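Peer 1: Sending over a structure as structure tokens; questions will come in a sec.
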Ligand SMILES: [Zn+2]
Ligand SMILES: [Zn+2]
């Protein structure tokens, strides 16, 4: 059922801010069930999450959006 | 009964971020269509509110996730 990798980005300026994106990724990981999603990977600077054909159907998407917009970022799925 | 609080679900745009009434109404309608009917997700013209009926943890519920899906697909900021 969740066989697609997506990168959630928290953008400013609009380009990803790696520090805010990592923080949001970590906060999302801690505030969602542990399913493999919401692990920030340094090599390609991606907050990776796992989903189906629509990334925004993942339950963590709204959590990511809450933290990203709290810090005045624009979330991109 | 068990969902006794009214929340306004907003999809915001601009600087400063303010509700866009048309996108909010569209998202409210799409959310209504894609959730089970429980009284939520009716857009009220007199106060320009997409009214969401919930309890104490409105943002943990499945309907809010659907609102968030549509709002962010159109590049809004939900609440
Ligand atoms: Zn800040
Ligand atoms: Zn658009």
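Residue numbers (the numbering used here), protein chains in the order written: chain V, 16 to 92; chain L, -5 to 73. Think of the CB as a built atom: it goes at the ideal place given N, C-alpha and C, for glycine as much as any other residue.
1) So, at 8 Å on beta carbons, what are the nonlocal neighbours of residue 37 of chain V in its own chain, with the 5 sequence-adjacent residues on each side left out?
2) Along the chain, which unbroken stretches of the alpha helix (DSSP H) at least 4 residues long are found entirely within the region 0 to 70 of chain L?
3) Along chain L, in chain order, which residues have C-beta atoms closer than 8 Å to that of residue 76 of chain V?
4) Which residue from V/44, V/68, V/57 and V/47 puts its Cα closest to that of residue 32 of chain V?
5) If you drop the 5 nearest sequence neighbours on each side, which residues of the same chain put their C-beta closer than 6 Å to that of residue 17 of chain L?
6) With 7 Å as the threshold, decide whether the Cβ of residue 12 of chain L is near any Cβ in chain V.
7) Anything in chain L within Cβ reach of residue 71 of chain V, meaning under 7 Å, just list it in chain order.
8) With 8 Å as the C-beta to C-beta threshold (strictly closer), list the residues of the region 21 to 40 of chain L near chain V in chain order.
9) Please list the partners that residue -1 of chain L has in chain V, where partner means a Cβ-to-Cβ separation under 8 Å.
10) State the Cα-Cα distance for the pair residue 76 of chain L and residue 73 of chain V, rounded to the nearest angstrom.
11) Closest by CA to residue 52 of chain V, which one among V/91, V/40 and V/29?
12) Hey, how far is the Cα of residue -2 of chain L from the Cα of residue 60 of chain V?
Peer 2: Considering the structure as presented:
1) 55 and 62
2) 15 to 27 and 56 to 67
3) 59, 62, 63 and 66
4) V/57
5) 5, 68 and 70
6) no
7) 63, 66 and 67
8) none
9) Residues of chain V passing the Cβ test: none, with the nearest at roughly 18 Å.
10) Examination of residue 76 of chain L is not possible in this model, given that chain L is present from -5 through 73 alone.
11) V/40
12) 43 Å
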